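Examination of the molecular architecture
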Amino acid sequence: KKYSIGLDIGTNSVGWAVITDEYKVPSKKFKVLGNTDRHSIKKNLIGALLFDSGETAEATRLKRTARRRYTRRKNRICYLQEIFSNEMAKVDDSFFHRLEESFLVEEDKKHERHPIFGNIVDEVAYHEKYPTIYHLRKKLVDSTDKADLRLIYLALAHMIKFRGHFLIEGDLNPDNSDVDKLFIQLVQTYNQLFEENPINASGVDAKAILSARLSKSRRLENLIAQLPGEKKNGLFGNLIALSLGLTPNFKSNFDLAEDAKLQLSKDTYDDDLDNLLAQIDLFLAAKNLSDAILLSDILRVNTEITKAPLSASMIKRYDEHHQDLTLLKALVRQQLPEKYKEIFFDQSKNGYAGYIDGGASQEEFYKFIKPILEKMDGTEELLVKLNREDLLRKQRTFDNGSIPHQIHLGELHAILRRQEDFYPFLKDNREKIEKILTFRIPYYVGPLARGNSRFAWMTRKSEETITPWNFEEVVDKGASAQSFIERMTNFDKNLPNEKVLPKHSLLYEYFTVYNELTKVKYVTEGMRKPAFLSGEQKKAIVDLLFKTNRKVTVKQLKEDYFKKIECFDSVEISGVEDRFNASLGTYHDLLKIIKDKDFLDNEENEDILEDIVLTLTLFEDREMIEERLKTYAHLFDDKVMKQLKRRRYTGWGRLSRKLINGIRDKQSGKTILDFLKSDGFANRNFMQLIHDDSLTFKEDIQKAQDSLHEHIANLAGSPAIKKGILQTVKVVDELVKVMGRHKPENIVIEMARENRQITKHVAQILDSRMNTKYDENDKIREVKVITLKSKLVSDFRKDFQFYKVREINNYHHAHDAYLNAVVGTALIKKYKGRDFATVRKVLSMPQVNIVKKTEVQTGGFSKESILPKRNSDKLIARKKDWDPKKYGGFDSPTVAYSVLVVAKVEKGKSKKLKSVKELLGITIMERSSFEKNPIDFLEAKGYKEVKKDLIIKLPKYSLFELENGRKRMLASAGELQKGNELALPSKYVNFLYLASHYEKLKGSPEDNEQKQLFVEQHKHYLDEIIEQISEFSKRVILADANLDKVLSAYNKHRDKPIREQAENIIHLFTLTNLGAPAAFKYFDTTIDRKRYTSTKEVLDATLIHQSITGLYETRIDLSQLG
RNA sequence: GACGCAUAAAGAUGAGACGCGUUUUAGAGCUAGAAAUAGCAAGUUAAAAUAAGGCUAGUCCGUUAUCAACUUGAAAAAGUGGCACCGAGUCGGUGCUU
DNA sequence: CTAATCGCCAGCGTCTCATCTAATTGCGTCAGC
DNA sequence: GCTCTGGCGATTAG
C-alpha cells in the first residue's frame, strides 16, 4: 500500500489530508478508552486543526523597562535623605516617617495627620503663603535670608524626582538667551567681519523669529524676508547654521571657511573648530542666537532681575488663570443665570467642575465652553485666548515634555550658593547633590547584575557596591563597550568558531578586488579565446590602476594599461558593465590622512592597520576611541591623530580572517590569497579553491564543523508562522505513525502569509526529517517534498465549479489540503484529474475531524485600571496592608484553568455537611499556591473531606458532549461556547455562491446568461436553506427568541431582488458558527447575541480527550463521580 | 541546490531616558435654619504606589516562546491502539483475524 | 433563593544607540553531466 | 552544454 499527504499551513489553522492512489480518502476503525460504553469509532482520514496566533515579545519588553525606571528613581531620592538625615534629626525627627505614611487613612497613622509641620495653623499658613511649589522654588532662589531645612529639602527633592530630558549636550544660559533682541549684535558682528556695508530689511524682529517653525518651508520665507543678502551665504548659505545649525554638509559657498562641515549641537563642536581655525566671529553669535530661539520658544517671561525663569513663567500662568476665572464667573453669573449651576457645580459634564474634579482635558473643556461664551457680550479677550491655548491653563500638563534638564539644574545651583552660608554641610557636599541629579548609565553598559540575569554583559574591576560617586572605579568601560558589540555579530559559516572581519579592511578589500579581477575575459584579434592573466601582470596593474584612483571604468583598463604596447585599441572585455565593483577606499583614505607611502605598502606594518580600522568600527564615543588609540601615539604626529580620530566606519563582513589568511596546505605552504594571486597561467577564484580535491582545503571544513524547538526558534519571520510550522511538524509525525509506520511518497505544501524563503526552510526541515537511510557510495530519496503556489489550486477551484464560501463552516481547510494533494500528484505524474465523481463525493462528505487546541492561559494578573473604593467582594488588594474597602483596587482577574472538585460543605440553617460538586476558578495569580499544595489551598477556600484522586484539571476549550449530539466547549469557570458544525449540501452552496457576485462577471462575457437562467429557475432554494438553518438551530443551538425573530425578519422581506436576499442570507450563518457568540445584521434589523452563562449542565455530560490529529480519543462518563 | 561582490521598502530582538493619567490622605468652608434643605464662597499644588511578590540580597528578577490521557522515569526523555468490502446527517452495515 | 434579559467598560503620547533577516537585478562559481 | 469577548451591577420571575 502506498499513500500521500497534503498539507495547508496558515496563521490560525492547519489542514491535512491523506490520499492513497486514486484521489480517495480511506477510512478506519479506531478504538476508545475510558469507563464509557464504546469500543470502536469509524473515522475518515481528513481534517484540520485550529489554534490562536502567537504574539511578538515587544510589549513585554516595554513593561520590563518601565520596571527598571521605578527601582532607580526611588533610589535617587533615598540618597538625598542619606545626606540630610543627621541634620533633620535636629529640627523634626518624624518628617520622613510622615512623608512615608501619608497614604494611609487617618486611623492607621502612628503620628500626626499633617505631613510637613505637624500642626494645623502652621500648615494653613504655609499653604496660604505659597499656593504652589513654584512660588517656593522662586522664593528660595531669589531671597537671601535663612530658610527652614524642610522647605529646602522639599524643593531639592521635587527637582531631583522630576529632572527633565537629556537631548541637548553643552551648556545653556537662560539669562543671556531670553533677551531675543540680540539680532542687532549679530548685525554689527556681520558688518565688522565683512566690510561691504551689508543691506538689511527692517520689520522682522524677535517675535517674527518666535513664530518661525522648524519646517524649512516657512524658514525660507523668514530668511528671504529678514534680509536680502548680497552673496550666497547672505541669502541662506550661513543663516541656517545661525538659526538652527548647519544641517547641510556640502559646500554652499567657498567663503564660509573653505567648505561647509559644521553640524548641530553635539559632541562634535570641540573638533569642528578645526574647520575654522585654518581659515580665520559669527560662529560665536550663532550659538547664542540658536539658544535664544530654542529657549524662548518655551519660556515667555524674559529675565530682568530673576535667575529662575521657569518659576516666574508658572507664577504668571497661575495669575492669568485666576484673573480669567473670576472675570468669566462674574460675567456668566450676570448674563446667563440659568447655566450657572450647570458649569460650576456639575462633575458629570465638561464644564469647569468637570475640568478640575472630573476627567476632562483641555480640548473637551474648550469645545464645550466655546459656544457658551460665543453668544455672550464682553468675551473678546477670552475668545482670542481660546484660539492660542492660553485660557485657564494648568501648571502640570503634557506640554512640559520639552523642558531640558539644564534649566532645572541651574536653579538648583542657586538654591545652594545662598544657603551654604548658614549650613556648612551644603558647601561640604554640594557636588554630591549635583552628581545625584545628573547621572545616567551609558547605553552600552546596561544592567548592573552579578550573573543572575540573562540580559546583562557588564564586567567589573573590583567587588563593591556601585554608586554614582564611584561609578568609574568599579565598572569597566572599554570591556563593556566591546561586549556590547561582540554579543550580536555573526560567525563564519565555514568555521563556526571565528568572528567576522569589518567590512572596510585592507585584507578584505584586497580579497574582493583580486577575486573580481582575476577572472577577466579579455579578448584580442591575435588571441581568439579569453585567456587568463599571469601573476606579474596582475601585480603591475593593481598598483598602476588601483592605488592611484578609487573608481575605474572599462576605458581606463583598455587604454592606460596597454599604453606600453600597441594593442590598446585591440583588447576587448566582457563580464563588466562599465566599471569594477571593488575599490581600495581604505587605502586612499589612510593615504590622505597619513600622507605616507611605506607604512601602507610594507607588509610588516599591516598588523598595525588591522587594529587601526578595528577600533574605528567598534566604538562610537570620542573618549574611548582616543583611549584605545593612545597606544599607537608615537607612530604618527599629533595633527595626524587629530585628523584621523574623526573617521568612522560601520557594518561587518561575512568571511573571517582564519580562512582568508592563516590556513595553508602542507604540500604548498600558500594561503587562499596567495593562490588567488599567483595561481599561474590558469587561475581559479575563491569558489574553485574551496571546492577542490587536489588540495587539502575540503576536509578542513568537515573536521572543523540538537532538539527541534531550538532549531525552529532561529528562523527569520513572525512567531505566528513559527507556531504553524511547529504544529505541522507534529501533525505529519502522528499521521505517519497511525497508518503503519510506512513513509509516504509525496508531500505537498502550500504557505499563506501576510503582514519564498520560509517555504524553502519548511521543505528542508521536513525532507531532512524524513530521509534518514543514507547510502555508502555518494549519497537516497525515499520521499519527495513538493512546493506549490496558490494560483493553481484557485484556478482548479474556479474552473470546474468547485466554489466555496468561508461563512458556512470550517470545512474549507481540509478541502484545500485535499485539492493541493490531488493537483500536485496529478501534475508530477505527466512529466486536471480523472473521474471527477470521486472528487465530488470527497467534497460532499459529512465527516471531518475539526479539533481546537486546548491551552493554559498566561499574561497579566487582572485589569490595569484602579477603581475607587466601594463595598464589594470583587475588589483585589493592591498591597497586603491596603484593604480594598478603604483604598480601592483591581477587579476582573483572569483564570488559568479550572478544576472539578467534589467534597462536602456546610450549608443551610441546620449547619450540616451536604455533598456537592462544582467547578472552580484558579486565577493566574493563584496558580503557584494551588500547585504547591492543593489540599490546604481548597480546604481554606471552604470545602473539606476532599477526594484527592477525583481532582481533574480542565484547560480552556475543553470539550463536553451532551444529549442528542450537542457539544459545548469550555471558556471559563462560568461560561460556555458552541461546538458543532453545519454540513450544508453542495448544491445549496453552489447556488448561494452564484446568487451573490451577480452584477460582476466571473468568466467569459458570452457564457454568463446560463448562471442567470439557473438562478431564476432555482429561486426557490431560499426556503429550503431557511428550513435547514431552523432545524439545526432547534436541535443544537437552543436560541428560540433569536430564531423566531429572524424568521419574521426574513418573511417581511420576500419581495426584494435575489442579489440582496442572498447577500443577507449569507449573514445569517453567524448564529450557527462555532466559537464565541457574535451579533450580526439582517437587512435592517439588528440581532443581539445570546450567551451561555450556566456551567452546571456539563457536570453530567461526557468529557472527551482528543489528539492533535483527532483520531485517538478518550471518553469519561462524569455521571459516576461522587 | 549553495557561496562571495554590486541594490531600497519593510520588519524582528536587546539597552539608556523624559511628559501625562489613576487610587488614598493634607490644604479648618460660612449663613438661615427643628428636619430633609436653600443661598453664598473656594477650585490651578504636594506625599506614597504603579503588576501581589522572590532569594540568589543584585542600584537583580516577575505578561514572549512550550503544554491531550495513561505506563516508566525527579527531570531529560522513552513506550501504548488489526485488516478488507458495501454504504452516508457529524459515521453506520458485513466478512476474516490476535 | 436562583435562571433569562439588557447595558457599559477595558492606560497612553514622544526621543537617542547598536546588531541581525530578506526579493530581484547582473557578476562567475561549484552540486551534478 | 546546461541548469474582540469574558466580568460586573441592575431588573423581575420560579
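Residues numbered from 1 in each chain as written, not as in the entry; some residues may be left out. Chains lettered and ligands numbered in written order. Heavy atoms only, no water.

The record lists cryo-EM as the method behind this PDB entry and 3.28 Å as its resolution.

Description of the overall build of chain A
The helix and strand inventory of chain A stands at 49 helices and 24 strands. The C-alpha atoms of chain A give 41 Å as radius of gyration, which overshoots the globular expectation for 1122 residues (32 Å, by more than 25%). Its C-alpha atoms give chain A principal-axis dimensions of roughly 110 × 100 × 70 Å. For chain A, the accessible surface area stands at approximately 66700 Å², while carbon and sulfur atoms represent 51% of it. Charge separation in chain A, taken as the distance between the mean sites of 187 positive and 166 negative side-chain charges, equals 6 Å. (Helix = DSSP H or I, 4+ residues; strand = E, 2+ residues; numbered from the N terminus. Rg over C-alpha atoms; globule rule 2.2 N^0.38 Å. Areas by Shrake-Rupley, 256 points an atom, 1.4 Å probe, with all protein chains shown as cover. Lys, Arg positive; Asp, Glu negative; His and termini not counted. Charge placed at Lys NZ, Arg CZ, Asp CG, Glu CD.)

Some points on the protein's contact with DNA strand D
For DNA strand D, the full set of nearby residues is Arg-870, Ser-872, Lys-874, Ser-892, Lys-956, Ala-971, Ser-972, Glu-975, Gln-977, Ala-1076, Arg-1089 and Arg-1091. Within 4 Å of the protein, the contacting atoms of DNA strand D are 78% sugar and phosphate, with bases supplying the remainder. The contact in question runs from a phosphate oxygen of DNA strand D to an N or O atom on the side chain of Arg-870, over 3.3 Å. Taken together, the residues of the surface near DNA strand D sort by class into two nonpolar, four polar and six charged. (Near = heavy atom within 4 Å. Polar contact = N/O pair within 3.5 Å; in protein donor to acceptor, adjacent residues only side chain to side chain. Nonpolar A, V, L, I, M, F, W, Y, C, P; charged D, E, K, R; others polar.)

Thoughts on the UniProt feature "binding site: Mn(2+) 3" in chain A
Here the UniProt-annotated "binding site: Mn(2+) 3" positions come out as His-1053 and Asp-1084. The named residues occupy 32 residues along the chain; their greatest pairwise C-alpha distance, 10.2 Å, places them in one compact cluster. Structurally, the position occupied by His-1053 is in the loop between α48 (1040–1051) and α49 (1058–1065). If sequence neighbours within four positions are ignored, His-1053 has contacts with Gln-1061 and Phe-1083. There is a polar contact of 3.4 Å between the side chain of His-1053 and the backbone oxygen of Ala-1049. (UniProt positions renumbered as here; feature names shortened; annotations may be inferred. Contact = heavy atoms within 4.5 Å.)

Brief notes about a negative patch on the surface
Judged by side-chain charge, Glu-106, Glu-107, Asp-108, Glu-112 and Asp-881 come together as a negatively charged surface patch. Within the element layout of this structure, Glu-107 appears in the loop between α2 (95–101) and α3 (121–129). (Patch = residues over 30% accessible without salt bridge, like charges linked within 9 Å, V, L, I, M, F, W, Y side chains within 5 Å. Salt bridge = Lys/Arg side-chain N within 4 Å of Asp/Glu carboxyl O.)

Overview of the nonpolar core
In terms of nonpolar packing, the biggest core is built from 58 residues, with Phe-511, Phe-546, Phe-580, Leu-590, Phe-619, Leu-655 and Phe-686 touching the most fellow members. Residues contacting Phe-580, with those up to four places away along its chain left out, are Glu-516, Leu-517, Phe-546, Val-552 and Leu-557. Counting residues in hydrophobic clusters, the runner-up holds 51 residues, among them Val-1015, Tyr-1021, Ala-1062 and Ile-1066. (Core = buried A, V, L, I, M, F, W, Y, C linked by side-chain atoms within 4.5 Å. Buried < 20%, exposed > 50% of the residue type's maximum accessible area, 1.4 Å probe, protein only.)

Quick word on unusual backbone geometry
Even without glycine at this site, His-997 takes up a positive phi of about 55 degrees. Assignment of secondary structure puts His-997 in the loop between α45 (986–995) and α46 (1009–1017). The backbone of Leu-1038 sits at a positive phi, close to 60 degrees, despite the residue not being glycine. Examined against the element boundaries, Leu-1038 turns out to sit in the loop between α47 (1021–1037) and α48.

Quick word on the pattern of salt bridges
Where charged atoms from two side chains of opposite charge approach closely, those side chains can pair. For the structure on display, the rule yields 37 salt bridges. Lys-251 is paired through a salt bridge with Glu-258; the nearest N and O atoms lie 4.0 Å apart. Classification of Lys-251 as partly exposed rests on a relative accessible area of 35%. Looking at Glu-258, the relative accessible area reads 34%, which means it is partly exposed. Close ionic contact of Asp-692 with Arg-684 constitutes a salt bridge, the shortest N to O distance being 2.4 Å.

Considerations on the protein's contact with DNA strand C
Residues in close proximity to DNA strand C total 21 residues, the closest being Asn-490, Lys-521, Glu-577, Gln-688 and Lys-779. When the atoms of DNA strand C within 4 Å of the protein are grouped by moiety, sugar and phosphate amount to 96% of the total. At 3.0 Å from a phosphate oxygen of DNA strand C is found a side-chain nitrogen or oxygen belonging to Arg-648. For DNA strand C, a phosphate oxygen lies 3.4 Å from a polar atom in the backbone of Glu-864. Every element with two or more residues in the surface near DNA strand C is listed here: α23 (478–486), β10 (652–656) and α34 (686–690).

Quick notes on the pairing of strand β2 (residues 13–19)
In terms of burial, β2 is a largely internal element, seven of the seven residues being buried. Here β2 shows a buried face lined by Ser-13, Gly-15, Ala-17 and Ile-19 and a second buried face lined by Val-14, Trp-16 and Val-18. In this antiparallel pair of consecutive strands, strand β1 (residues 4–9) and β2, the connection spans three residues. Looking at chain direction, β2 and strand β6 (residues 46–50) are connected through five bridges and run antiparallel. From the neighbouring strand, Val-14 faces β6, where its bridge partner is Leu-49. (Pairing = 2+ DSSP bridges.)

A closer look at a positive patch on the surface
Among the surface-exposed residues, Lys-261, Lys-592, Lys-595, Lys-597 and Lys-639 lie close enough to one another that they form a single positively charged patch. Along the polypeptide, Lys-261 turns up in the loop between α11 (239–243) and α12 (269–272).

Comments concerning the sheet that holds strand β12 (residues 786–787)
Sheet strands pair by backbone hydrogen bonding; their relative direction is either parallel or antiparallel. Pairing is mixed in the open sheet, where six strands are placed in the order β12-β11-β1-β2-β6-β13. Edge positions in the sheet fall to β12 and β13 (849–852), since each has one partner strand and no second. With four bridges connecting them, β6 and β13 associate as parallel partners. Its bridge partner lying in β13, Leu-50 is registered against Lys-852. Sitting on the sheet, helix α37 (residues 719–738) is in contact with β1, β2 and β6, with an inclination near 160 degrees to β1. (Axes fitted to C-alpha atoms, helices over the stretch in contact; angles between N-to-C directions.)

With respect to the UniProt feature "binding site: Mn(2+) 2" in chain A
As annotated in UniProt, the feature "binding site: Mn(2+) 2" corresponds to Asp-8, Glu-754 and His-813 in the numbering used here. Relative to the elements of secondary structure, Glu-754 occurs in the loop between β11 (747–749) and α38 (758–770). A residue is classified by how much of its surface remains accessible, and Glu-754, at 72% relative accessible area, is exposed. Excluding its chain neighbours within four sequence positions, the residues that come into contact with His-813 are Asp-8, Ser-13, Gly-15, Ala-48 and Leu-50.

Points about the sheet that holds strand β18 (residues 959–962)
The strand order across the open sheet formed by six strands is β4-β24-β23-β18-β19-β20, and the pairing between neighbours is mixed. At either margin of the open sheet sits one strand with a lone partner, and together these are β4 (32–33) and β20 (975–978). Here strand β23 (residues 1102–1106) runs beside strand β24 (residues 1113–1117); their pairing, made up of five bridges, is antiparallel. Following the sheet pairing, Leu-1103 is matched in β24 by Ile-1116.

Remarks on helix α20 (residues 405–419)
Its 15 residues give α20 an end-to-end C-alpha distance of 22 Å, which sits within 8% of 21 Å, the value for a rise of 1.5 Å per residue. Within the span of α20, buried status applies to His-405, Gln-406, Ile-407, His-408, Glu-411, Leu-412, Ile-415, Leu-416 and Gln-419. (Expected span 1.5 Å × (residues − 1).)

So, the packing of aromatic side chains
What the rule picks out here adds up to 36 aromatic pairs. Between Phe-95 and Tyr-153, the ring centres sit 6.0 Å apart and the planes meet at 80 degrees, which makes this aromatic pair edge-to-face. Of this pair, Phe-95 sits in helix α2 while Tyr-153 sits in helix α5 (residues 149–161), placing them 58 residues apart in sequence. You'll find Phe-95 and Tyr-153 in the same group, each marked buried. Taken together, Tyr-340, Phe-344, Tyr-352, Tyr-355, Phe-365 and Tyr-366 form an aromatic cluster joined through their ring pairs. A cation over a ring is seen here: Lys-146 above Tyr-423, with NZ or CZ 4.8 Å from the ring centre. (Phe/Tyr/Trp six-rings, centres within 6.5 Å; stacked < 30°, edge-to-face > 60°. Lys NZ or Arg CZ within 6 Å of the ring centre and 35° of its normal.)

As for the environment of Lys-941
Among the structural elements, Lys-941 can be located in the loop between α44 (934–939) and β17 (952–954). When the C-alpha atoms of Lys-941 and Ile-951 are compared, they prove to be 15 Å apart, with ten residues separating the residues in sequence.

A short note on the environment of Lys-307
Residue placement: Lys-307 occurs in the loop between α14 (282–296) and α15 (309–335). Taking the C-alpha atoms as reference points, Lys-307 and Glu-411, 104 residues apart in sequence, are found 7.4 Å from one another. Aside from chain neighbours lying at most four places away, what touches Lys-307 is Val-141, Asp-142 and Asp-175. There is a polar contact of 3.1 Å between the side chain of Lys-307 and the side chain of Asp-175.

Here we look at the side chain of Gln-977
With respect to the helices, strands and loops of the structure, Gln-977 is situated in strand β20. For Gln-977, the contacting residues outside a window of four places in its chain are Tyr-957, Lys-967, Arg-968, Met-969, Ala-971, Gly-1075 and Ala-1076.

Quick look at α49
For α49, the full list of buried residues reads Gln-1061, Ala-1062, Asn-1064 and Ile-1065. Angularly, the buried residues of α49 cover 165 degrees about the axis, an arc narrow enough to put them on a single face. Among the structural elements, α45, α47 and α48 are those in contact with the buried residues of α49. (Arc of directions from axis to C-beta.)

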